[PDB]
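Colleague: When you get a sec, could you give me coordinates for this:
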Amino acid sequence: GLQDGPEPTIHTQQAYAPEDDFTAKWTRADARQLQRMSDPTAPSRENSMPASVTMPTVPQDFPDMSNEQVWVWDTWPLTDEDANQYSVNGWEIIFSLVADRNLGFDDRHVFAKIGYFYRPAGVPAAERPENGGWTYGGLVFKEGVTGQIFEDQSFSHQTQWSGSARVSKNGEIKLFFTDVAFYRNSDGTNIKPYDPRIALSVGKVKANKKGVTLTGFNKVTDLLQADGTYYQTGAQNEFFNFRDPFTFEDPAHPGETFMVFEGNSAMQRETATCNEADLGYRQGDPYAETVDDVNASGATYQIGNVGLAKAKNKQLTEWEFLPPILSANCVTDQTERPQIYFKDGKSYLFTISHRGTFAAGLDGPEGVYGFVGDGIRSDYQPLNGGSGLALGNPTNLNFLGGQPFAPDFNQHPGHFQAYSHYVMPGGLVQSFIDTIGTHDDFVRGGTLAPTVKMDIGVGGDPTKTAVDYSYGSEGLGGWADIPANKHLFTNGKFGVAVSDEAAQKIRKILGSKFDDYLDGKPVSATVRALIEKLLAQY
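Modeller: Residues are numbered from 1 along each chain as shown. Below, you will see the structure:
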């Protein structure tokens, strides 16, 4: 089912030490598989990509998760070191980038802030309200708080961009995020390059029957900024990328904490070049390109990477950069929102990309790209025939992609239906809606899509994925469904996390005395003791 074209690069999946210098390449040969997989006969507005790596089509009539109070996009759950997703004292809690609803959706980026939502834990998606039943908790940070780390306080804009959030047994949250300062003249041009930093702020859940309040988030710690040897700086490129921290423990390195994030390869913009390994052709392939032709094409302006860092202390307040784990030199500008997902002894690196960010001569859908190997640093194999595509928006590659604010006349109306996807336990994938519709009849989202299900490692082949069209309604699950598979129960320094099954059992056994404990009511020493004993057992 492939059109003729270059063969994909041979990747070994071999693991290296996290501290080693090996950087895997998503090569031009790999990326050209995306065109081979496309159906050249697909007519106007129909999907040309294979159904197994295409997201189910989102309906244009979607609910809004915030009742249109805010625009919502990149969202993340509360996680542990294994990326399990958490409720705290009976409440699922998510963090989202939000922007005031009065803004044009495309102006959201320079006015972005982190907000949070919550909803009752343990309700199946089909039994929740249509819009997911989330309550908007408001903004995480008081005005001015995130400005604290910037030496240069003359910024014109100051935003919070994407990250992740780690929960502790005491209900504490370590919020890893991208803290960004812009320095713009009134006409929108730069005084100097913007300043995105990877940052941490600690806070805490305060929950009762009425809902969730977040406390703390008073102090921001500056963790990392682009260095210029591994990750491109503003001096190297005014519009360099550096964002989106995701932390985790690697099963192969217990007791250590790592982070991945988006960067660019550390080359001066104007002198950046690609080499034979970036091109990745098998020697002799009649479809091979020359290094000189690619370097002359403009492709050298697309040099995205995925970075790795390691924590130097238990508090996760000090980090050291490690060499990049994946580069996309002359393939894409932007390997966004990287995460590492562990399954069957493999490291899966998932990232998100736009169609328009592909380099000259390359093309692919908006959506999820992924890579598998034997270690967090490995010679990663891009998924699905070496293409890298795991979950693309429906897309006709035979027609121009257009833009989310200006759809192309001949393009699939779901081309921009989903972005900033995030892969959850069991291969569930949550994403936000950007645009759905045709050139004369489209709408912007700014709310979450239905959660979908991607099966990872089909037919015993770890390099293959397939969309589960039996999930929900022809692949579409619950709107804004970000389910917790672990449940933290915590009060006054005591805390334990339990499974779905355990949580149900505990609630049945304790009945009403548990509800009072979780409402923060006074309980007798005897009741406190029996709750803590039952929790400790599970």
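Colleague: Residue 136 touches residue 69, doesn't it?
Modeller: Yes: Residue 136 is within contact range of residue 69, at 5.6 Å (criterion: CB atoms under 8 Å). (Each C-beta comes from the backbone N, C-alpha and C, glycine too.)
Colleague: Quick one: the helices in the stretch 101-250 of the chain, in order.
Modeller: Here the stretch 101-250 of the chain has no helices by DSSP state H, counting those that start in this stretch.
Colleague: Quick check: residue 536 is in a helix.
Modeller: Yes: assessed with DSSP: H, G, I helix; E, B strand; the rest coil, residue 536 lies in a helix.
Colleague: can you count the residues close to it?
Modeller: Around residue 536 there are 9 other residues, counting by other CB atoms under 10 Å.
Colleague: Let me see the ranges of the strands in the stretch 151-300 of the chain.
Modeller: For the stretch 151-300 of the chain, the strands defined by DSSP state E, counting those that start in this stretch cover 157-167, 172-182, 195-208, 211-224, 243-248, 258-264.
Colleague: Mind exporting the C-alpha coordinates of the fifth one to PDB?
Modeller: Spelled out, that is strand 243-248. This file holds the C-alpha atoms of strand 243-248, laid out as PDB (Å, rounded to 0.1, in the frame of the first residue of the first chain):
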ATOM      1  CA  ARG A 243       9.400  24.800  26.100                       C
ATOM      2  CA  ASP A 244       7.100  22.100  27.400                       C
ATOM      3  CA  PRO A 245       8.800  20.200  30.300                       C
ATOM      4  CA  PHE A 246       7.600  16.600  31.000                       C
ATOM      5  CA  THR A 247       9.300  14.800  34.000                       C
ATOM      6  CA  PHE A 248       9.400  11.100  34.700                       C
END
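Colleague: That strand packs against which elements?
Modeller: Applying 3 or more CB pairs under 8 Å, 6 or more residues apart in numbering; DSSP states H and E, we find strand 243-248 packed against strand 157-167, strand 172-182, strand 195-208, strand 258-264, strand 336-343.
Colleague: Show me the domain layout of the protein.
Modeller: The record assigns the chain these domain ranges, following curated CATH domains: 1-485, 486-538.
Colleague: how close does the nearest residue to residue 115 once chain neighbours are set aside sit to residue 192?
Modeller: Using CB to CB, 6 or more residues apart in numbering and skipping residues adjacent in sequence, the residue nearest residue 115 is residue 98, 3.9 Å away. From residue 98 across to residue 192, the span is 27 Å (CB to CB, to the nearest Å).
Colleague: Residue 518 now?
Modeller: Taking CB to CB, one finds residue 518 at 50 Å from residue 192.
Colleague: neighbour count winner among the two?
Modeller: Per other CB under 10 Å, whichever of residue 518 and residue 192 has more neighbours is residue 518, with 20 against 14.
Colleague: which residues does the most centrally placed residue in the chain contact?
Modeller: Centroid check for the chain by CA atoms, centre = their mean gives residue 337 as the closest residue, at 3.9 Å. Applying CB atoms under 8 Å, 6 or more residues apart in numbering to residue 337 gives the contacts 74, 162, 244, 246, 262, 351-352, 420-422.
Colleague: what does residue 149 give?
Modeller: 179, 197, 199, 220-222 are the contacts of residue 149 under CB under 8 Å, 6+ apart.
Colleague: related to what we said a few turns ago, which one of the helices and strands packed on strand 243-248 lies closest to residue 250?
Modeller: Ranking the helices and strands packed on strand 243-248 by proximity to residue 250 (CB to CB) places strand 258-264 first, at 5.9 Å.
Colleague: same for that closest one, what does it pack against?
Modeller: Right, strand 258-264 is packed against strand 243-248, strand 303-311, strand 319-329, strand 336-343 by 3+ CB pairs under 8 Å, 6+ apart.
Colleague: that older thread, columns mean neighbour count and distance to residue 130 on top of the strands of the stretch 151-300 of the chain, output as CSV?
Modeller: Below are the strands of the stretch 151-300 of the chain laid out as CSV (neighbours: other CB atoms under 10 Å; distance: least, CB to CB, whole Å):
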stretch, mean neighbour count, distance to residue 130
strand 157-167, 23, 26
strand 172-182, 23, 29
strand 195-208, 21, 25
strand 211-224, 17, 20
strand 243-248, 24, 30
strand 258-264, 27, 33
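Colleague: What is the neighbour count of the closest residue to residue 136 other than its chain neighbours?
Modeller: In space, residue 136 comes closest to residue 66 once its chain neighbours are excluded; the distance is 5.0 Å by CB to CB, 6+ apart. By the measure other CB under 10 Å, the count of residues near residue 66 is 22.
Colleague: what does residue 69 give?
Modeller: 14.
Colleague: Go through the domains of the chain and pick out the most buried.
Modeller: domain 1-485 (a mean of 20; mean count of other CB atoms under 10 Å).
Colleague: For residue 190, give its distance to residue 232.
Modeller: From residue 190 to residue 232 the distance is 16 Å (CB to CB).
Colleague: Could you give the separation between the terminal residues of stretch 247-263?
Modeller: One end of stretch 247-263 sits 15 Å from the other (CA to CA, to the nearest Å).
Colleague: now swap in stretch 327-334 and tell me
Modeller: Start-to-end, stretch 327-334 (CA to CA) is 10 Å.
Colleague: any idea how far that stretch is from the chain center?
Modeller: Centroid separation for stretch 327-334 versus its chain: 18 Å, with CA atoms, centre = their mean, to the nearest Å.
Colleague: Likewise for stretch 398-418?
Modeller: How far stretch 398-418 lies from its chain's middle: 22 Å, per CA atoms, centre = their mean.
Colleague: before we move on, what about stretch 91-103?
Modeller: Worked out by CA atoms, centre = their mean, stretch 91-103 lies 15 Å from the chain centre.
Colleague: what's the answer for stretch 431-445, then?
Modeller: Worked out by CA atoms, centre = their mean, stretch 431-445 lies 20 Å from the chain centre.
Colleague: one step back: in TSV: the strands of the stretch 151-300 of the chain, plus distance to residue 330.
Modeller: Formatted as TSV, those follow (distance: least, CB to CB, whole Å):
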stretch	distance to residue 330
strand 157-167	26
strand 172-182	26
strand 195-208	23
strand 211-224	26
strand 243-248	21
strand 258-264	12
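Colleague: Thanks again, I'm all set now.
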